[PDB]
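The form solved without the ligand is given below as one chain in structure tokens.
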């Protein structure tokens, strides 16, 4: 008889389910991809019903498998984590989406952001929310929906719509109607006051959200999110949803970066570096976003973070695969062993613009330096190198904002962290010691932690921390400052070529 924690990670490219035992070993896991719809230049959508169907199927297969291995199974609780910013507006009473999800990676609102940015003081927006206007957060997507679909406008006005991130969507469906979010996801909307942790009336007005009742209640990360009641997942009847957090913040909890100054970097569909700033709100002057790291309980002061976001990483590799430049993602290590340099090819991976720290939504993905000798392999390597170069820019902003000369370690996680030549190149270019987590799925691990803590599986966070801090690999820089400066100059000139106004 087996107690387990279900951790759902509804990620950008796929939905993942993880069943953890109470020693935080994975006893079953699986995933299903869902369509990445890119209809037009800059558009990026998901089908919200496809996501739910995939979720239900994965939950049902998982309990079946477990009930096959074990004598009885007890699901103690459910934690939810998710791709952030992605937004769905749906009908409250029926649950019917009024439009597809518009994903974080969508950039159709470039024109709107240019328009609004000229009308508002960017420092005032940043003080309120933690960010300048951008194409990335939910708010301009919501605005676009309201401007382009009068049904949406009408139903926000009359309070018959719900505006939600993916976490809100999942909980609403599982619970048959609860409307909740958590402070980490709310901080990704451009609608929350970053200091007070409440929906901000002024921001709502800017974005034409005329009836704030359509917004879900903002909860702490460990909370009573409700009981599963969906008839699609009958074995899960009355199992409580007890933790909820945005994916990249989830990875902070899974990496145990709980002390001020500790930093992690997750390599996934995008790459996301967060540093814990303790209870102090730190506002960047270098292109980083101020966000909520976590707030476990209602009476806790939140821990804050500075975040550097990169949009093209795994999403780039996926693009390469679709367009036949790579036969399979698994090859990327072998490609980097065999292909020792790119023969000066540079790939500025800007398919959805540049995010942190330059924030140029007018950037597009660009390849430079090719000759007849250039092969697929070199193009693939150059895209991977471009991840590292972008991360280096982020690290430079972070050290400036933090008033430090270096990070002592960067804790890293993700599939790509198993690719030794890639991680070595990252360590070389960012000039930072990198410690790779033992767990790669640290996102799902953080959600299982929060859910378990909420139902007292363990007494305290302190009983799980030594477990969490485990590492299996370390990288140090092996690259000369001469060589590094030369490579970073090459990158910098290719970014200039990509950005110059002509």
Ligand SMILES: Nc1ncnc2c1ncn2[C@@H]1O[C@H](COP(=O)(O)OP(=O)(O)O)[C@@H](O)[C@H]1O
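Positions refer to the first chain, counted from 1. Heads up, when I say rigid core I mean the largest set of C-alphas that superpose within 1.5 Å between the two forms.
Mean CA B-factor, 300-308 versus 129-137: the higher value falls on 300-308. Set 407-415 against 357-365 and average the Cα temperature factors; 407-415 ends up higher. By the numbers in the PDB entry, the CA B factor is greatest at 261 among 216, 287, 261, 268. Remark: of 423, 74, 382, 317, 74 shows the highest value [criterion: C-alpha B-factor in the PDB entry]. In the PDB entry, a CA B factor belonging to the middle third of its chain's modelled residues is recorded for residue 43. For residue 150, the recorded CA B-factor ranks within the middle third of the chain. Only modelled residues enter the ranking. Ranked against the other modelled residues of its chain, the C-alpha B-factor of residue 66 as given in the entry falls in the highest third. Residue-level temperature factors show residue 431 in the highest third of its chain, judged at the C-alpha atom.
In the deposited entry, the Cα temperature factor of residue 247 places it in the lowest third of its chain's modelled residues.
The same protein also exists as the form deposited with the ligand bound; that form is not shown, yet it is the one meant from here on.
Contact with the ligand, judged by heavy atoms within 4.5 Å in the deposited bound form, is confined among 364-372, 77-85, 262-270, 181-189 to 262-270. At a distance threshold of 4.5 angstroms between non-hydrogen atoms, residue 222 is out of contact with the ligand in the deposited bound form.
With a 4.5 Å cutoff on heavy atoms, residue 329 counts as touching the ligand in the deposited bound form.
Contact check for residue 357: every heavy atom lies farther than 4.5 Å from the ligand in the deposited bound form. Although the partner is absent here, residue 414 is a contact residue: one of its heavy atoms lies within 4.5 angstroms of the ligand in the deposited bound form. For the candidate set 333, 276, 392, 424, a heavy atom within 4.5 Å of the ligand in the deposited bound form is found for exactly one residue, namely 333. Shown without its partner, this chain lists 173, 315, 131, 432 as candidates; in the deposited bound form, only 315 has a non-hydrogen atom within 4.5 angstroms of the ligand. With contact defined as any non-hydrogen atom lying within 4.5 angstroms of the ligand in the deposited bound form, the stretch 199-238 contains no contacting residue. In a rigid core superposition between this form and the one not shown, 373 is the single residue of 94, 373, 121, 299 whose Cα is displaced by 2 Å or more. Residue 340 shows a C-alpha shift of 2 Å or greater between this form and the one not shown [criterion: core-superposed Cα displacement of 2 Å].
After superposing the rigid core, the Cα of residue 166 is displaced by less than 2 Å between this form and the one not shown. After superposition on the rigid core, the Cα of residue 14 moves by less than 2 Å between this form and the one not shown. Between the C-alpha atoms of residue 189 and residue 355, a gap widened by no less than 3 Å is obtained in the deposited bound form, as opposed to the form on display. Relative to this form, residue 188 and residue 353 separate from one another in the deposited bound form, with their C-alpha atoms ending up at least 3 Å farther apart.
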